[PDB]
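Containing TSV, C-alpha atoms and all ligand atoms: start_0.tsv.
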chain	number	residue	atom	x	y	z
A	4	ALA	CA	103.23	90.28	69.93
A	5	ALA	CA	104.48	88.69	73.20
A	6	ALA	CA	102.25	86.46	75.36
A	7	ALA	CA	102.11	85.21	78.95
A	8	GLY	CA	99.38	82.89	80.32
A	9	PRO	CA	96.26	83.76	78.31
A	15	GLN	CA	97.09	87.89	77.76
A	16	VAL	CA	99.30	90.16	75.62
A	17	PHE	CA	102.28	91.52	77.49
A	18	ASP	CA	103.61	94.01	74.90
A	19	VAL	CA	106.51	95.84	76.38
A	20	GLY	CA	108.17	96.97	73.17
A	21	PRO	CA	111.42	95.37	72.04
A	22	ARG	CA	113.31	96.84	75.06
A	23	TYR	CA	111.99	94.19	77.41
A	24	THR	CA	112.04	90.53	76.40
A	25	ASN	CA	112.09	86.99	77.85
A	26	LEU	CA	109.07	87.32	80.15
A	27	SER	CA	108.23	85.16	83.15
A	28	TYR	CA	105.12	85.28	85.24
A	29	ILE	CA	105.57	86.44	88.82
A	30	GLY	CA	101.96	86.90	89.88
A	31	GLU	CA	98.62	88.65	89.64
A	32	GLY	CA	98.34	92.29	90.63
A	33	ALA	CA	95.14	94.17	91.43
A	34	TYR	CA	94.81	95.47	87.83
A	35	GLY	CA	96.89	92.95	85.86
A	36	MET	CA	99.84	90.58	85.64
A	37	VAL	CA	103.31	91.12	87.07
A	38	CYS	CA	106.17	89.59	85.11
A	39	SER	CA	109.94	89.69	85.14
A	40	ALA	CA	111.64	90.65	81.93
A	41	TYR	CA	115.10	91.11	80.55
A	42	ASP	CA	115.96	94.79	80.06
A	43	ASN	CA	117.99	94.82	76.83
A	44	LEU	CA	119.22	98.39	77.42
A	45	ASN	CA	120.48	98.13	81.05
A	46	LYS	CA	121.20	94.40	80.69
A	47	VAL	CA	119.55	93.38	83.98
A	48	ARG	CA	116.28	91.65	84.68
A	49	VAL	CA	113.40	93.93	85.83
A	50	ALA	CA	109.80	93.66	87.05
A	51	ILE	CA	106.97	94.92	84.93
A	52	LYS	CA	103.37	95.42	86.13
A	53	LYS	CA	100.64	95.49	83.47
A	54	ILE	CA	97.82	97.79	84.64
A	55	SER	CA	94.50	97.81	82.80
A	56	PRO	CA	92.62	100.32	84.93
A	57	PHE	CA	90.75	102.34	82.44
A	58	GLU	CA	87.38	100.47	82.77
A	59	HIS	CA	86.99	101.49	86.46
A	60	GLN	CA	87.34	104.93	88.11
A	61	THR	CA	88.66	103.43	91.39
A	62	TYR	CA	91.37	101.62	89.46
A	63	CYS	CA	92.26	104.85	87.67
A	64	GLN	CA	92.52	106.73	90.98
A	65	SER	CA	94.81	104.14	92.56
A	66	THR	CA	96.92	104.05	89.40
A	67	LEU	CA	97.27	107.83	89.18
A	68	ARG	CA	98.13	108.16	92.92
A	69	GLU	CA	100.83	105.57	92.75
A	70	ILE	CA	102.38	106.96	89.60
A	71	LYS	CA	102.36	110.60	90.82
A	72	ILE	CA	103.79	109.64	94.20
A	73	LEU	CA	106.40	107.14	93.06
A	74	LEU	CA	107.75	109.49	90.38
A	75	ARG	CA	108.15	112.24	92.98
A	76	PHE	CA	109.74	110.09	95.69
A	77	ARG	CA	113.36	109.10	95.64
A	78	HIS	CA	114.46	106.81	98.48
A	79	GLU	CA	116.38	103.53	98.91
A	80	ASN	CA	113.53	101.91	100.82
A	81	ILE	CA	110.75	102.92	98.42
A	82	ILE	CA	110.33	101.19	95.09
A	83	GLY	CA	111.11	103.44	92.12
A	84	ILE	CA	109.54	103.57	88.68
A	85	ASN	CA	112.27	102.96	86.08
A	86	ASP	CA	110.07	103.27	82.99
A	87	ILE	CA	106.43	103.39	81.96
A	88	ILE	CA	105.30	101.89	78.67
A	89	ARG	CA	102.07	102.97	76.99
A	90	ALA	CA	100.72	103.78	73.52
A	91	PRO	CA	101.64	107.13	71.96
A	92	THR	CA	98.14	108.55	71.99
A	93	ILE	CA	95.26	108.57	74.50
A	94	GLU	CA	93.02	106.91	71.91
A	95	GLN	CA	95.37	103.97	71.57
A	96	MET	CA	96.29	103.59	75.26
A	97	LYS	CA	94.42	100.59	76.76
A	98	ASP	CA	97.02	99.38	79.26
A	99	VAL	CA	99.98	100.92	81.06
A	100	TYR	CA	103.10	99.03	82.01
A	101	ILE	CA	105.14	100.08	85.05
A	102	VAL	CA	108.75	98.98	85.10
A	103	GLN	CA	110.65	98.64	88.41
A	104	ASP	CA	113.69	97.08	89.92
A	105	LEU	CA	113.21	93.32	90.15
A	106	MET	CA	112.82	92.23	93.75
A	107	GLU	CA	113.10	88.53	94.72
A	108	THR	CA	110.06	88.27	96.96
A	109	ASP	CA	107.80	90.14	99.37
A	110	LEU	CA	107.45	89.80	103.10
A	111	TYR	CA	104.06	88.05	102.82
A	112	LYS	CA	105.57	85.30	100.62
A	113	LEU	CA	108.69	85.10	102.81
A	114	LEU	CA	106.76	84.70	106.07
A	115	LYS	CA	104.76	81.76	104.67
A	116	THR	CA	107.85	79.53	104.80
A	117	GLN	CA	110.77	81.23	106.58
A	118	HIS	CA	111.48	82.03	110.24
A	119	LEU	CA	113.32	85.29	110.62
A	120	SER	CA	116.32	85.66	112.84
A	121	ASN	CA	116.19	88.54	115.25
A	122	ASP	CA	118.87	90.24	113.11
A	123	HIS	CA	116.59	90.03	110.04
A	124	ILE	CA	113.63	91.35	112.01
A	125	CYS	CA	115.67	94.27	113.28
A	126	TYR	CA	117.10	95.18	109.87
A	127	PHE	CA	113.73	94.80	108.03
A	128	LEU	CA	112.03	96.94	110.69
A	129	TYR	CA	114.73	99.57	110.41
A	130	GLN	CA	114.29	99.75	106.63
A	131	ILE	CA	110.44	99.91	106.91
A	132	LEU	CA	110.72	102.83	109.34
A	133	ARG	CA	113.51	104.50	107.31
A	134	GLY	CA	111.26	104.49	104.22
A	135	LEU	CA	108.27	105.53	106.29
A	136	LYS	CA	110.15	108.55	107.69
A	137	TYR	CA	110.60	109.77	104.13
A	138	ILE	CA	106.97	109.16	103.20
A	139	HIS	CA	105.71	110.96	106.35
A	140	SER	CA	108.19	113.82	105.78
A	141	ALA	CA	106.44	114.45	102.44
A	142	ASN	CA	103.14	114.75	104.39
A	143	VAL	CA	101.94	111.52	102.79
A	144	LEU	CA	100.27	108.50	104.45
A	145	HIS	CA	100.73	105.13	102.81
A	146	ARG	CA	97.54	103.70	104.37
A	147	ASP	CA	98.00	100.07	103.32
A	148	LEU	CA	101.21	98.88	104.88
A	149	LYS	CA	101.23	95.06	105.13
A	150	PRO	CA	103.69	92.27	104.37
A	151	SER	CA	102.76	91.93	100.68
A	152	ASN	CA	103.56	95.66	100.13
A	153	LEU	CA	107.15	95.21	101.37
A	154	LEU	CA	109.48	93.98	98.62
A	155	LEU	CA	112.72	92.11	99.46
A	156	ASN	CA	115.72	91.16	97.38
A	157	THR	CA	118.33	88.43	97.95
A	158	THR	CA	120.60	90.80	99.95
A	159	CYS	CA	117.77	91.74	102.37
A	160	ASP	CA	117.13	95.20	100.94
A	161	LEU	CA	113.54	96.22	101.62
A	162	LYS	CA	111.42	98.58	99.54
A	163	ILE	CA	107.92	99.75	100.31
A	164	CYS	CA	105.54	99.49	97.39
A	165	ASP	CA	101.85	99.98	96.50
A	166	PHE	CA	100.83	103.56	97.01
A	167	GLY	CA	97.34	103.09	95.48
A	168	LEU	CA	95.60	104.13	98.72
A	169	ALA	CA	98.10	106.82	99.72
A	170	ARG	CA	96.83	110.29	100.66
A	171	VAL	CA	98.11	113.58	101.93
A	172	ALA	CA	97.83	113.76	105.77
A	173	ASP	CA	94.80	115.77	106.96
A	174	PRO	CA	94.50	115.48	110.73
A	175	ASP	CA	92.00	118.36	110.96
A	176	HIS	CA	89.48	116.31	108.91
A	177	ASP	CA	90.15	112.86	110.43
A	178	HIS	CA	86.98	112.58	112.54
A	179	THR	CA	84.05	110.41	111.51
A	180	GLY	CA	81.27	108.36	113.07
A	181	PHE	CA	81.36	104.93	114.62
A	182	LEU	CA	81.56	102.00	112.20
A	183	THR	CA	82.41	104.17	109.14
A	184	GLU	CA	83.40	101.94	106.25
A	185	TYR	CA	87.04	101.72	105.28
A	186	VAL	CA	89.03	100.38	102.35
A	187	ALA	CA	92.53	99.28	103.41
A	188	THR	CA	93.36	95.77	104.57
A	189	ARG	CA	91.46	94.72	107.66
A	190	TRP	CA	94.13	92.93	109.69
A	191	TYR	CA	96.40	96.00	109.67
A	192	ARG	CA	93.76	98.62	110.57
A	193	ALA	CA	94.27	100.75	113.68
A	194	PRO	CA	91.52	100.52	116.32
A	195	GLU	CA	90.42	104.18	115.77
A	196	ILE	CA	89.42	103.30	112.15
A	197	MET	CA	86.42	101.39	113.55
A	198	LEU	CA	85.75	104.02	116.25
A	199	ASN	CA	86.21	107.59	114.98
A	200	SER	CA	88.92	107.98	112.33
A	201	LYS	CA	89.10	108.29	108.53
A	202	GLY	CA	92.77	107.26	108.57
A	203	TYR	CA	94.09	110.65	107.62
A	204	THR	CA	96.89	110.88	110.22
A	205	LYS	CA	100.41	109.41	110.33
A	206	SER	CA	99.57	107.29	113.35
A	207	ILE	CA	97.55	104.88	111.18
A	208	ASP	CA	100.76	103.83	109.37
A	209	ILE	CA	102.65	103.28	112.66
A	210	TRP	CA	99.88	100.85	113.79
A	211	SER	CA	100.33	98.89	110.56
A	212	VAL	CA	104.09	98.67	111.13
A	213	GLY	CA	103.48	97.43	114.66
A	214	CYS	CA	101.22	94.67	113.20
A	215	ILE	CA	104.03	93.84	110.71
A	216	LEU	CA	106.62	93.60	113.53
A	217	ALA	CA	104.33	91.19	115.42
A	218	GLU	CA	103.87	89.13	112.31
A	219	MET	CA	107.71	88.99	111.77
A	220	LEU	CA	108.08	87.70	115.35
A	221	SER	CA	105.60	84.82	115.07
A	222	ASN	CA	104.90	84.24	111.36
A	223	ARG	CA	101.21	84.84	111.87
A	224	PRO	CA	99.05	87.96	111.83
A	225	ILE	CA	98.57	89.34	115.30
A	226	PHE	CA	94.95	90.53	114.79
A	227	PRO	CA	93.36	88.34	112.13
A	228	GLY	CA	89.77	89.74	112.29
A	229	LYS	CA	87.22	87.89	110.19
A	230	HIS	CA	85.12	90.99	109.59
A	231	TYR	CA	84.89	94.68	110.26
A	232	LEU	CA	83.95	94.69	113.98
A	233	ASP	CA	85.81	91.42	114.83
A	234	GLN	CA	89.00	93.30	114.04
A	235	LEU	CA	88.35	95.53	117.00
A	236	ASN	CA	87.60	92.51	119.16
A	237	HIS	CA	90.98	91.02	118.33
A	238	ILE	CA	92.78	94.22	119.17
A	239	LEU	CA	91.02	94.63	122.48
A	240	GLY	CA	91.60	90.93	123.31
A	241	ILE	CA	95.29	91.65	123.48
A	242	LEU	CA	95.63	95.27	124.55
A	243	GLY	CA	92.80	94.92	127.07
A	244	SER	CA	90.16	97.46	127.88
A	245	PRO	CA	91.10	101.08	127.19
A	246	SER	CA	91.83	103.31	130.11
A	247	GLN	CA	89.49	106.02	131.23
A	248	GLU	CA	91.87	108.66	129.84
A	249	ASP	CA	91.89	106.91	126.47
A	250	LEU	CA	88.09	106.59	126.48
A	251	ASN	CA	87.72	110.27	127.37
A	252	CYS	CA	89.76	111.08	124.25
A	253	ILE	CA	86.91	109.46	122.23
A	254	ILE	CA	84.16	112.12	122.15
A	255	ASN	CA	82.09	110.13	119.61
A	256	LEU	CA	79.22	108.99	121.90
A	257	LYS	CA	78.38	105.99	119.88
A	258	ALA	CA	81.99	104.74	119.82
A	259	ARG	CA	82.56	105.48	123.47
A	260	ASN	CA	79.37	103.70	124.54
A	261	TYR	CA	80.26	100.70	122.48
A	262	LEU	CA	83.55	100.39	124.34
A	263	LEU	CA	81.83	100.91	127.68
A	264	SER	CA	79.41	98.07	126.88
A	265	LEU	CA	82.21	95.46	126.73
A	266	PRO	CA	83.26	93.41	129.73
A	267	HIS	CA	86.61	94.27	131.22
A	268	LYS	CA	89.59	92.59	129.60
A	269	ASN	CA	93.12	92.65	130.91
A	270	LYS	CA	96.16	93.13	128.70
A	271	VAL	CA	97.92	90.01	127.37
A	272	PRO	CA	101.62	90.61	127.99
A	273	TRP	CA	103.77	90.78	124.93
A	274	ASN	CA	106.30	88.27	126.30
A	275	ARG	CA	103.50	85.72	126.79
A	276	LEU	CA	102.55	86.19	123.16
A	277	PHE	CA	106.18	86.29	121.92
A	278	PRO	CA	108.31	84.29	124.30
A	279	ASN	CA	111.37	84.05	122.01
A	280	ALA	CA	111.39	87.77	121.15
A	281	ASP	CA	114.05	90.29	121.97
A	282	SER	CA	112.85	92.37	124.95
A	283	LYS	CA	113.71	95.65	123.22
A	284	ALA	CA	111.66	94.54	120.20
A	285	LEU	CA	108.67	94.02	122.44
A	286	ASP	CA	109.10	97.42	124.05
A	287	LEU	CA	109.00	99.05	120.60
A	288	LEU	CA	106.04	96.85	119.61
A	289	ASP	CA	104.16	98.07	122.66
A	290	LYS	CA	104.72	101.70	121.68
A	291	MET	CA	103.57	101.11	118.08
A	292	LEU	CA	100.50	99.14	119.11
A	293	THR	CA	99.29	101.76	121.49
A	294	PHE	CA	95.49	102.18	121.51
A	295	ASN	CA	95.41	105.97	121.75
A	296	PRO	CA	96.73	107.32	118.44
A	297	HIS	CA	97.94	110.48	120.18
A	298	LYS	CA	100.20	108.46	122.49
A	299	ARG	CA	101.42	106.16	119.74
A	300	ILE	CA	105.12	106.45	118.83
A	301	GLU	CA	105.95	108.51	115.75
A	302	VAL	CA	108.31	107.30	113.03
A	303	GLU	CA	111.36	109.30	114.12
A	304	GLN	CA	111.03	108.16	117.72
A	305	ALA	CA	110.71	104.60	116.60
A	306	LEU	CA	113.94	104.91	114.62
A	307	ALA	CA	115.64	106.21	117.83
A	308	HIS	CA	114.40	103.28	119.91
A	309	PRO	CA	117.10	101.05	121.52
A	310	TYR	CA	116.00	98.05	119.48
A	311	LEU	CA	117.33	99.81	116.38
A	312	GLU	CA	120.55	101.22	117.87
A	313	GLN	CA	122.80	99.22	115.49
A	314	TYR	CA	121.35	101.08	112.52
A	315	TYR	CA	120.04	104.44	113.79
A	316	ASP	CA	121.68	107.41	112.13
A	317	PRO	CA	119.41	110.33	111.49
A	318	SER	CA	121.85	111.87	109.07
A	319	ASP	CA	121.49	108.77	106.95
A	320	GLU	CA	117.63	108.73	107.18
A	321	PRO	CA	116.74	111.26	104.57
A	322	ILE	CA	113.58	113.29	104.22
A	323	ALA	CA	111.72	114.64	101.25
A	324	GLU	CA	112.70	117.94	99.70
A	325	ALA	CA	109.16	119.34	99.95
A	326	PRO	CA	105.63	118.29	100.96
A	327	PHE	CA	103.72	116.33	98.37
A	328	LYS	CA	100.49	117.83	97.04
A	329	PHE	CA	97.85	116.74	94.59
A	330	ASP	CA	96.89	119.40	92.04
A	331	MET	CA	93.28	118.22	92.31
A	332	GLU	CA	91.20	115.75	94.32
A	333	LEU	CA	91.13	112.42	92.48
A	334	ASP	CA	87.94	111.06	94.14
A	335	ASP	CA	85.75	113.65	92.38
A	336	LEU	CA	87.26	112.87	88.91
A	337	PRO	CA	85.64	110.73	86.21
A	338	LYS	CA	87.18	107.62	84.56
A	339	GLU	CA	88.04	109.70	81.45
A	340	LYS	CA	89.76	112.68	83.07
A	341	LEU	CA	91.87	110.30	85.21
A	342	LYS	CA	92.91	108.52	81.95
A	343	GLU	CA	93.93	111.92	80.62
A	344	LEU	CA	96.04	112.68	83.74
A	345	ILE	CA	97.66	109.26	83.58
A	346	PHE	CA	98.65	109.90	79.97
A	347	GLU	CA	100.19	113.25	80.89
A	348	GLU	CA	101.98	111.84	84.00
A	349	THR	CA	103.60	109.07	81.95
A	350	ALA	CA	104.70	111.32	79.05
A	351	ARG	CA	108.31	111.71	80.24
A	352	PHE	CA	109.10	108.08	79.32
A	353	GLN	CA	108.15	108.40	75.66
A	354	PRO	CA	110.87	108.52	73.01
A	355	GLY	CA	108.26	111.00	71.80
B	1	MG	MG	100.02	95.45	96.88

Please render this file's structure as structure tokens.
Amino acid sequence: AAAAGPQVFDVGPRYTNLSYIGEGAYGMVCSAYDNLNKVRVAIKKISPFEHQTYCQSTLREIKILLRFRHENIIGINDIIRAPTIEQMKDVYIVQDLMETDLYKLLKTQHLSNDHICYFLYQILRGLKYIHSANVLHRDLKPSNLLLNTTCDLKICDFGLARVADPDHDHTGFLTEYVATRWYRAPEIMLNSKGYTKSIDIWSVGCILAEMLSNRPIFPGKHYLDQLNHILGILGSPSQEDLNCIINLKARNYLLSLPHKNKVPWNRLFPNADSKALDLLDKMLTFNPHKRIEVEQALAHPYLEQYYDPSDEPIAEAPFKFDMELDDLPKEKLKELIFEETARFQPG
């Protein structure tokens, strides 16, 4: 009994006065007035129950976001659903209302170096917590970074997040992958399933570049073009880095390419702070084993104004899934979603 651009947005009497914000992957996002806490909030309507992939993403995000507690990671304030599994068609996730996201901001606004530095700090601060829980976000990009009017930044969208599993990271050349193309590390196309923390650091490096110029640094038009873009800037990998790739097919593909020299960062970003470019270089390192880790990045001179490891908290314990969600049907995932959201029922 409350409508927005039809569909139904029925968020009990607690939340009223809706306004469209945008379209999520599984439904509408609206702002609403929270009559209890007397502030406006964001509410995401999720109708995932007709697809198993949607159910997986929904369950991951709920389980992770309820477990995590950090200033730079969006929290779940409330979840609204029907009182029984039979009656539950949609789920509504309530969060703090953020003003915008970095994707929307970068369309029209140039960032000062101070804004770049602070936003990077907050990304990495949140990421340290996520990594400390042994979790990989796996889809870091501007539209998954929420911003408010006072420049607070919160990472959102944990629908592709997994527990880190470096021992099972290896795969064949040109193995298909799910997360957003432009932000994919080179090894994803070569030999990696994206089960190590280094894949997130690559994504942050792409985000830093994009903050510096207001355009994606590696805008590949398709799967293999993405690697072409990356190599066009970094240049040909060294022999040492090629020897680290044991995958014959991936190694021979790289050996087949003409030599390319590195494009210097200060040619690409002539107005950028030199320390920012030095950190960028270390995040956008081809060899994932040599790539900077989150705690080192925080300690980099670029971020010296903000660095304080005692104020960069970690998770109280590693995160673990009870069961593997990929092997679970539509219906069992619905069941788990119901149980995970039970704490918010008057009940
Ligand atoms: Mg998103």

Fewer than 6 positions away in the same chain doesn't count, so skip those; otherwise give me all residues within 12 Å of residue 281 of chain A, counting only C-alpha atoms, as a CSV table (one decimal) with C-alpha atoms, in the frame of the given file.
chain,number,residue,atom,x,y,z
A,120,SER,CA,116.3,85.7,112.8
A,121,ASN,CA,116.2,88.5,115.2
A,122,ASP,CA,118.9,90.2,113.1
A,124,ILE,CA,113.6,91.4,112.0
A,125,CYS,CA,115.7,94.3,113.3
A,216,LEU,CA,106.6,93.6,113.5
A,217,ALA,CA,104.3,91.2,115.4
A,220,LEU,CA,108.1,87.7,115.4
A,273,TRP,CA,103.8,90.8,124.9
A,274,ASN,CA,106.3,88.3,126.3
A,287,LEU,CA,109.0,99.0,120.6
A,288,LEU,CA,106.0,96.8,119.6
A,309,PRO,CA,117.1,101.0,121.5
A,310,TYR,CA,116.0,98.0,119.5
A,311,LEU,CA,117.3,99.8,116.4

Which residues come within 7 Å of segment 200-204 of chain A, counting only C-alpha atoms, excluding same-chain residues fewer than 6 positions away, as a list in words?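 Using only C-alpha atoms, the neighbours found are residues 172, 173, 174, 177, 178 and 179 of chain A.
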
Selected residues written out with C-alpha atoms, as a PDB file, in the frame of the given file:
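Result file selection24.pdb:
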ATOM      1  CA  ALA A 172      97.830 113.760 105.770  1.00  0.00           C
ATOM      2  CA  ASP A 173      94.800 115.770 106.960  1.00  0.00           C
ATOM      3  CA  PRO A 174      94.500 115.480 110.730  1.00  0.00           C
ATOM      4  CA  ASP A 177      90.150 112.860 110.430  1.00  0.00           C
ATOM      5  CA  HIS A 178      86.980 112.580 112.540  1.00  0.00           C
ATOM      6  CA  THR A 179      84.050 110.410 111.510  1.00  0.00           C
TER       7      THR A 179
END

Provide the atom CA of residue 294 of chain A to atom CA of residue 140 of chain A distance in Å, to one decimal place. 23.3 Å

Distance filter 12 Å around ligand MG 1 (chain B), atoms: all atoms listed in the file, out as a PDB file with C-alpha atoms, in the frame of the given file:
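Below you can see result.pdb, which holds the result:
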ATOM      1  CA  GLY A  30     101.960  86.900  89.880  1.00  0.00           C
ATOM      2  CA  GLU A  31      98.620  88.650  89.640  1.00  0.00           C
ATOM      3  CA  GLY A  32      98.340  92.290  90.630  1.00  0.00           C
ATOM      4  CA  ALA A  33      95.140  94.170  91.430  1.00  0.00           C
ATOM      5  CA  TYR A  34      94.810  95.470  87.830  1.00  0.00           C
ATOM      6  CA  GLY A  35      96.890  92.950  85.860  1.00  0.00           C
ATOM      7  CA  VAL A  37     103.310  91.120  87.070  1.00  0.00           C
ATOM      8  CA  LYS A  52     103.370  95.420  86.130  1.00  0.00           C
ATOM      9  CA  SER A  65      94.810 104.140  92.560  1.00  0.00           C
ATOM     10  CA  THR A  66      96.920 104.050  89.400  1.00  0.00           C
ATOM     11  CA  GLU A  69     100.830 105.570  92.750  1.00  0.00           C
ATOM     12  CA  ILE A  82     110.330 101.190  95.090  1.00  0.00           C
ATOM     13  CA  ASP A 109     107.800  90.140  99.370  1.00  0.00           C
ATOM     14  CA  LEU A 110     107.450  89.800 103.100  1.00  0.00           C
ATOM     15  CA  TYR A 111     104.060  88.050 102.820  1.00  0.00           C
ATOM     16  CA  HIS A 145     100.730 105.130 102.810  1.00  0.00           C
ATOM     17  CA  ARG A 146      97.540 103.700 104.370  1.00  0.00           C
ATOM     18  CA  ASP A 147      98.000 100.070 103.320  1.00  0.00           C
ATOM     19  CA  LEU A 148     101.210  98.880 104.880  1.00  0.00           C
ATOM     20  CA  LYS A 149     101.230  95.060 105.130  1.00  0.00           C
ATOM     21  CA  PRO A 150     103.690  92.270 104.370  1.00  0.00           C
ATOM     22  CA  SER A 151     102.760  91.930 100.680  1.00  0.00           C
ATOM     23  CA  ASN A 152     103.560  95.660 100.130  1.00  0.00           C
ATOM     24  CA  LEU A 153     107.150  95.210 101.370  1.00  0.00           C
ATOM     25  CA  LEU A 154     109.480  93.980  98.620  1.00  0.00           C
ATOM     26  CA  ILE A 163     107.920  99.750 100.310  1.00  0.00           C
ATOM     27  CA  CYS A 164     105.540  99.490  97.390  1.00  0.00           C
ATOM     28  CA  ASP A 165     101.850  99.980  96.500  1.00  0.00           C
ATOM     29  CA  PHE A 166     100.830 103.560  97.010  1.00  0.00           C
ATOM     30  CA  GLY A 167      97.340 103.090  95.480  1.00  0.00           C
ATOM     31  CA  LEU A 168      95.600 104.130  98.720  1.00  0.00           C
ATOM     32  CA  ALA A 169      98.100 106.820  99.720  1.00  0.00           C
ATOM     33  CA  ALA A 187      92.530  99.280 103.410  1.00  0.00           C
ATOM     34  CA  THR A 188      93.360  95.770 104.570  1.00  0.00           C
TER      35      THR A 188
END

Residue among A:248, A:42, A:324, A:312 lying closest to residue 77 of chain A, counting only C-alpha atoms: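 Checking each of A:248, A:42, A:324, A:312 against residue 77 of chain A, counting only C-alpha atoms, the winner is A:324.
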
Can you tell me which residues surround segment 137-139 of chain A at a distance of at most 7 Å, considering all atoms listed in the file, apart from same-chain residues fewer than 4 positions away, and format the answer as a PyMOL selection string? chain A and resi 133+143-144+205+321-323

Can you build me a table of segment 84-120 of chain A residues sitting at most 10 Å from segment 19-28 of chain A, with the closest atom pair per residue and its distance in Å to one decimal, using only C-alpha atoms, sorted by chain and residue number, as CSV?
residue,atom,partner,partner_atom,distance
A:87,CA,A:19,CA,9.4
A:88,CA,A:19,CA,6.6
A:89,CA,A:19,CA,8.4
A:99,CA,A:19,CA,9.5
A:100,CA,A:19,CA,7.3
A:101,CA,A:19,CA,9.7
A:102,CA,A:19,CA,9.5

What would the file look like if the residues just selected were written as a PDB file, in the coordinates of the input with C-alpha atoms?
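Full text of result_21.pdb as output:
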ATOM      1  CA  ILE A  87     106.430 103.390  81.960  1.00  0.00           C
ATOM      2  CA  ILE A  88     105.300 101.890  78.670  1.00  0.00           C
ATOM      3  CA  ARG A  89     102.070 102.970  76.990  1.00  0.00           C
ATOM      4  CA  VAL A  99      99.980 100.920  81.060  1.00  0.00           C
ATOM      5  CA  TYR A 100     103.100  99.030  82.010  1.00  0.00           C
ATOM      6  CA  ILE A 101     105.140 100.080  85.050  1.00  0.00           C
ATOM      7  CA  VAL A 102     108.750  98.980  85.100  1.00  0.00           C
TER       8      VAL A 102
END

If you measure from atom CA of residue 211 of chain A to atom CA of residue 244 of chain A, what distance in Å do you get, rounded to one decimal? 20.1 Å
